[PDB]
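Here's the structure, in structure tokens; my notes come after.
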Amino acid sequence: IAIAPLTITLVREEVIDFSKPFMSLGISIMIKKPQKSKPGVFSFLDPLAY
Amino acid sequence: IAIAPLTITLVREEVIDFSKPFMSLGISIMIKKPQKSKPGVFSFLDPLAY
Amino acid sequence: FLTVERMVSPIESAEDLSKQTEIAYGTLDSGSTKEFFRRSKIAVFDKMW
Amino acid sequence: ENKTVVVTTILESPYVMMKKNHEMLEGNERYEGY
Amino acid sequence: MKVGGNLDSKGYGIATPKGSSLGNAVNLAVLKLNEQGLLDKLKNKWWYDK
Amino acid sequence: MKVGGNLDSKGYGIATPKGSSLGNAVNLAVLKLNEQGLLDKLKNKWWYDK
């Protein structure tokens, strides 16, 4: 028996049996993220230039 | 055959057959919407802080 | 600023339901929901039942 | 009669992970996860 | 208004008399459509597009 | 960073050999814990509690 994060598809059904799915999910997209710190005193003089 | 938005439970399996679930969902809570509230006096100071 | 964009929520979740009596709430009979709650083991769900 | 069932799986976090002390463990206890 | 999150996870499925023969092939076609994704576009029809 | 929404609907389920003896009763147990709600609790145990 297989108890693992196994995706159930028709072709996989075509060869063996499967139970009722316990966790529904979908395709998701992963990228990198820019982390800009919220400045302190400099938040004041922000707009123009020093 | 039952082709309908039927919820699938254990006892329902205990008597009949279900195919693999095709549409997932959860219990939902419905209420009446209120009207868009008007702030009043608070607008004098409301923004920028508490 | 200075807009009526409030859209207040009188209820937060079932947690708010368990702690109030102003607003009643029920379900549909001959349905799975009643079975779910009648067999639910969650504390808040129990009190709701 | 009562025999051991072969359970197959794959190393996936957090599905199947290795314990910190799996080295001193034995059998199924060597694993951890959902 | 729909308020709060979902309480749990459960979905819909096709029901057949326990022990009927059609259930298997029906399940197969259901899976095929799910991979075919046309069910999604139908969800857009009867949920979103109108 | 996880961006974008889901693409479709497919979930995880237990795999058994086509014609396995336990598959039915196993699926029954899955339905039990599903009605016992321990599932999402464990989901919090391995996803959210840390």
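Each value in this text was obtained by applying a stated rule to the coordinates, not by laboratory testing. Cβ sites come from the backbone with ideal geometry, for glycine too, and all protein chains shown count toward neighbours.
Can you pull out every residue in segment B:4-28 that is within 10 Å of E:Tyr12 (Cβ to Cβ), of a type outside the set (S, T, N, Q) and within 7 Å of another protein chain (Cβ to nearest Cβ)?
B:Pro5, B:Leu6, B:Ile8, B:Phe18, B:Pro21, B:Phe22, B:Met23, B:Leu25
Got at least one residue in segment F:18-25 being buried (at least 18 other Cβ atoms within 10 Å of the Cβ) and in contact (Cβ under 8 Å) with a residue 12 or more places away in the chain? Steps first, please.
Start the filter on segment F:18-25 by keeping residues that are buried (at least 18 other Cβ atoms within 10 Å of the Cβ), which leaves F:23.
Retained after the next criterion (residues that are in contact (Cβ under 8 Å) with a residue 12 or more places away in the chain): none.
No: segment F:18-25 contains no residue that is buried (at least 18 other Cβ atoms within 10 Å of the Cβ) and in contact (Cβ under 8 Å) with a residue 12 or more places away in the chain.
Looking only at segment E:29-38, count every residue that is at negative phi, free of Cβ contacts under 8 Å to residues at least 12 places away in the same chain and at the interface with another protein chain (Cβ under 7 Å from one of its Cβ atoms) and tell me the total. Talk me through it step by step, then tell me what you get.
Just the residues of segment E:29-38 that are at negative phi, to begin with: E:29-36, E:38.
If we keep only those that are free of Cβ contacts under 8 Å to residues at least 12 places away in the same chain too, we end up with E:29, E:31-36, E:38.
Filter once more, so that each one left must be at the interface with another protein chain (Cβ under 7 Å from one of its Cβ atoms): E:31-32, E:34-35.
Counting residues in segment E:29-38 that are at negative phi, free of Cβ contacts under 8 Å to residues at least 12 places away in the same chain and at the interface with another protein chain (Cβ under 7 Å from one of its Cβ atoms) gives 4.
For residues in chain C being hydroxyl-bearing (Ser, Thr, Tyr) and within 11 Å of chain B (Cβ to nearest Cβ), which is surrounded by the fewest Cβ atoms within 10 Å (Cβ to Cβ)? Full working, then the answer.
Pass one, chain C, residues hydroxyl-bearing (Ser, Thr, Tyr): C:3, C:9, C:13, C:18, C:21, C:25, C:27, C:30, C:32-33, C:40.
Now drop any that are not within 11 Å of chain B (Cβ to nearest Cβ), which leaves C:3, C:9, C:13, C:25, C:27, C:32-33, C:40.
Values: C:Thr3: 9, C:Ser9: 14, C:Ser13: 14, C:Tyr25: 12, C:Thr27: 11, C:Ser32: 17, C:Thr33: 14, C:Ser40: 18.
Here the answer is C:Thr3.
List every residue pair whose Cβ atoms sit under 6 Å apart, with the two residues 6 or more apart in sequence or on different chains, where the first one lies in segment A:2-20 and is without any contact (Cβ under 8 Å) to a residue 40 or more places away in the chain and among the hydroxyl-bearing types (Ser, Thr, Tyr) and the second, anywhere, is surrounded by 16 or more Cβ atoms within 10 Å (Cβ to Cβ) and part of a loop (DSSP other than H, G, I, E, B).
A:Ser19/F:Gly13; A:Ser19/F:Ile14
One line per residue, one yes/no per condition, for (1) part of a loop (DSSP other than H, G, I, E, B); (2) more than 30 Å from F:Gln36 (Cα to Cα):
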| site | (1), (2) |
| --- | --- |
| E:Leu7 | yes, no |
| E:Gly11 | no, no |
| E:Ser20 | yes, no |
| E:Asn24 | no, no |
| E:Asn27 | no, no |
| E:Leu31 | no, no |
| E:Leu42 | no, yes |
| E:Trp47 | no, yes |
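Return the pairs, sorted by first residue and then second, in which the second residue is polar (S, T, N, Q) and surrounded by 14 or more Cβ atoms within 10 Å (Cβ to Cβ), the first residue lies in segment C:15-43 and is assigned to a loop (DSSP other than H, G, I, E, B), the beta carbons are less than 8 Å apart, and the residues are 6+ apart or on different chains.
Sorted first by the residue in segment C:15-43, then by its partner, the pairs are C:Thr27/C:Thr33; C:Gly31/B:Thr7; C:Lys41/F:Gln36.
Could you tell me which residue of segment E:39-49 is nearest to F:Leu7 (Cα to Cα), considering only residues that are away from chain A (no Cβ under 14 Å) and not polar (S, T, N, Q)? Give the derivation first.
Of the residues in segment E:39-49, the ones away from chain A (no Cβ under 14 Å) are E:41-42, E:44-49.
Now narrow it down to the ones that are not polar (S, T, N, Q): E:41-42, E:45-49.
Values: E:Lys41: 12, E:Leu42: 15, E:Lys45: 17, E:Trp46: 19, E:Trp47: 17, E:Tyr48: 16, E:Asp49: 18 Å.
Ranking the qualifying residues of segment E:39-49, first place goes to E:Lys41.
Is it true that F:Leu7 is at the interface with chain A (Cβ under 10 Å from one of its Cβ atoms) and under 28 Å from D:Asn2 (Cα atoms)?
Working: at the interface with chain A (Cβ under 10 Å from one of its Cβ atoms): yes; under 28 Å from D:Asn2 (Cα atoms): no.
When the stated conditions are applied, F:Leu7 does not pass them.
What residue, among those in chain A that are assigned to a loop (DSSP other than H, G, I, E, B) and of a type in the set (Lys, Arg), is surrounded by the most Cβ atoms within 10 Å (Cβ to Cβ)?
Checking each candidate, the answer is A:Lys20.
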